[PDB]
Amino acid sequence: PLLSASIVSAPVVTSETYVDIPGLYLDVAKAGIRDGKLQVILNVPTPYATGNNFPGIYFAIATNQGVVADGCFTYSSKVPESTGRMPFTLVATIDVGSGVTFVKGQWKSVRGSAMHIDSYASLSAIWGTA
């Protein structure tokens, strides 16, 4: 039992709080998963951030109970000569029998960065047992 959602682009976003990346959503309930474990992979292979103060993006895996895992990339220069593509992957294993109905990908600005996904990205899950 394999869940997968993929996008080829997202709207540009700037946010001080975690907001949902449109299209990176897995309905666990719709697949009739009510117990057990999901290994979740948020894969954003070609993201970039724009800004004037060491830009970056915070990414999270979230369920109906909140954020379960988060991370980020940041550039190593204040004003990068060019905002290079910086691959990002996040892996978390969640318990469904806690009352999980959904899994989603979120993002949040680092230091006011504008966040960009303009190519393929994916949210995936494999089901198993404790």
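Numbers for residues come from their place in the sequence shown, where the first is 1.
Student: Please compare 94-102 with 69-77 and name the stretch with the higher mean C-alpha B-factor in the deposited structure.
Tutor: Comparing averages over the C-alpha atoms only gives 94-102.
Student: Between 55-63 and 29-37, point out the one with the higher average CA B-factor as the PDB entry records it.
Tutor: 29-37 has the higher mean C-alpha B-factor.
Student: Lowest, middle or highest third: where is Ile126 by Cα B-factor in its chain?
Tutor: Highest third.
Student: Using the B-factor values recorded in the entry, state whether the Cα atom of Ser109 falls in the lowest, middle or highest third among the modelled residues of its chain.
Tutor: Lowest third of the chain for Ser109's C-alpha B-factor.
Student: Lowest, middle or highest third: where is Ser119 by Cα B-factor in its chain?
Tutor: Its C-alpha B-factor belongs to the lowest third of this chain's values.
Student: Among all modelled residues of this chain, ranked by Cα B factor, put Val8 in the bottom, middle or top third, i.e. lowest, middle or highest.
Tutor: It falls in the bottom third of the chain.
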